[PDB]
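A.B. asks: First, the structure itself, so that you have it in front of you.
Here Cβ is always computed from backbone atoms with ideal geometry, including for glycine, and neighbour counts include all displayed protein chains. Bear in mind these aren't lab numbers, they're just calculated from the coordinates by the rules spelled out.
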Protein chains: 2
Amino acid sequence: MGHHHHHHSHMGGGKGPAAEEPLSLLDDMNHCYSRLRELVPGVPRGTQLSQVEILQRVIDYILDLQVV
Amino acid sequence: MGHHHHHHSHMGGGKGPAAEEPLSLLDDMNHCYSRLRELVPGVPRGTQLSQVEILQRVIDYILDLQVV
């Protein structure tokens, strides 16, 4: 009752079209988008932001972590 | 007021009034999701990745960079 996932992978790329799944079981997507906006400092005070805006603004956050 | 352009050390806040919908329009979400996959060295190649599991594995990627 309550578990963690101890797993790591380091090979490179991770590019692909992938395969589709039954989208969201426990509204897991909604939990993820909350935690994304907390790790990303680039949120203005008094904004809700759309589901698509979060994705784009997470990429800008990762650009500074990778190569400026 | 209207977001003053000064040097601060605060994010938007955290949680707020949850009001939004999945727009997508053309395919713009998946264009962001592909650009996420480019920066993730934890994905095999052509595996089962829903729009949800991409978010989760991008958080796991950021957990390696933050070390939580």
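A.B. asks: Kindly indicate whether any position in segment B:45-61 is outside any helix (DSSP H, G or I), within 23 Å of A:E20 (Cβ to Cβ), out of contact with any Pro (no Cβ under 8 Å at 6 or more places or on another chain) and more than 7 Å from chain A (Cβ to nearest Cβ).
C.D. replies: Our first condition is that a residue be outside any helix (DSSP H, G or I); within segment B:45-61, this holds for B:45-50.
Then keep just the ones that are within 23 Å of A:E20 (Cβ to Cβ); that gives B:45-50.
Filter again for out of contact with any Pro (no Cβ under 8 Å at 6 or more places or on another chain), leaving B:45, B:47-49.
Applying the additional criterion that residues be more than 7 Å from chain A (Cβ to nearest Cβ) yields none.
Checked segment B:45-61: no residue is outside any helix (DSSP H, G or I), within 23 Å of A:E20 (Cβ to Cβ), out of contact with any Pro (no Cβ under 8 Å at 6 or more places or on another chain) and more than 7 Å from chain A (Cβ to nearest Cβ).
Per-residue answers, yes or no, for (1) buried (at least 17 other Cβ atoms within 10 Å of the Cβ); (2) in contact with a strand residue (DSSP E or B) (Cβ under 8 Å, 6 or more places away or on another chain); (3) farther than 19 Å from A:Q56 by Cα:
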site	(1), (2), (3)
B:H7	no, no, yes
B:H10	no, no, yes
B:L23	no, no, no
B:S34	no, no, no
B:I62	yes, no, no
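A.B. asks: A:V40 is checked against (1) within 7 Å of chain B (Cβ to nearest Cβ); (2) touching a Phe, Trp or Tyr at 6+ places or on another chain (Cβ under 7 Å) and fails just one. What number does that condition carry?
C.D. replies: Every condition holds for A:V40 apart from (1).
A.B. asks: Determine, yes or no, whether A:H31 is assigned to a loop (DSSP other than H, G, I, E, B) and more than 7 Å from chain B (Cβ to nearest Cβ).
C.D. replies: For A:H31, the condition - assigned to a loop (DSSP other than H, G, I, E, B) and more than 7 Å from chain B (Cβ to nearest Cβ) - is not met.
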